[PDB]
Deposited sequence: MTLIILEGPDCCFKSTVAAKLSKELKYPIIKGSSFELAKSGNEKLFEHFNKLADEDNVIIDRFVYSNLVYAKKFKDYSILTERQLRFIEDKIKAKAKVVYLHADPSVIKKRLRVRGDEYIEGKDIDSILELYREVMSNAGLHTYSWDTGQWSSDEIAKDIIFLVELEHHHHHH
């Protein structure tokens, strides 16, 4: 199964991915790449289609993140409706979309390095809209209430069930 982790920064995405990989033994792959989106739609889509054709992997940031940041950065290709829906229909039977987030203030506090770097409110709103428009069943966790460890365990427990395996 494809475990897709989406969401704004500082929301335990990489840590979750790490825990899930150590347990499920699924390789971790970065999906939504900046420079990739700037290389054009064709390369963008072909990349997602390559991953979409795979299974038993953990994708840190994927199609939904592209729809978010494409509205923020210039020269940042975005997937067309056709492309998005094409990929969803191809992974619908094997994907698990996990949305990780936190309150705008919780994230802000998490990036205490310089008030200038801080935007976040606008990104969260976009994720919500994008996720709310997803054509796949999704699972969301408020990283502000649940720990990265409890989230990983839930996802691991879940995957083990569908695979009809014990714990």
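In sequence order, the gaps in C-alpha coverage of the deposited chain fall at 1, 120-123, 173.
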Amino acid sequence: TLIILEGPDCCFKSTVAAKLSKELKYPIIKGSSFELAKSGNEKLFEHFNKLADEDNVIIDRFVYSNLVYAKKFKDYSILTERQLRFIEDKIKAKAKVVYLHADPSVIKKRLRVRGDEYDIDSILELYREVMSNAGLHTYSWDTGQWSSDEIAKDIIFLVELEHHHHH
From here on, numbers count along this sequence of modelled residues.
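The PDB entry reports B-factors from which the mean C-alpha value can be compared for 58-66 and 127-135; the larger average falls on 127-135.
Relative to one another, 25-33 and 39-47 have unequal mean CA B-factors, and 25-33 is the one with the higher figure. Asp89: CA B factor lies in the lowest third for its chain, per the PDB record. Per-chain ranking of the deposited C-alpha B factor places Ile107 in the highest third. In this PDB entry, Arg82 carries a Cα temperature factor that places it within the middle third of its chain's modelled residues.
In this PDB entry, the Cα temperature factor of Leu161 sits in the top third of its chain's modelled residues, the highest group. In the deposited entry, the Cα temperature factor of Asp142 sits in the bottom third of values across the chain's modelled residues.
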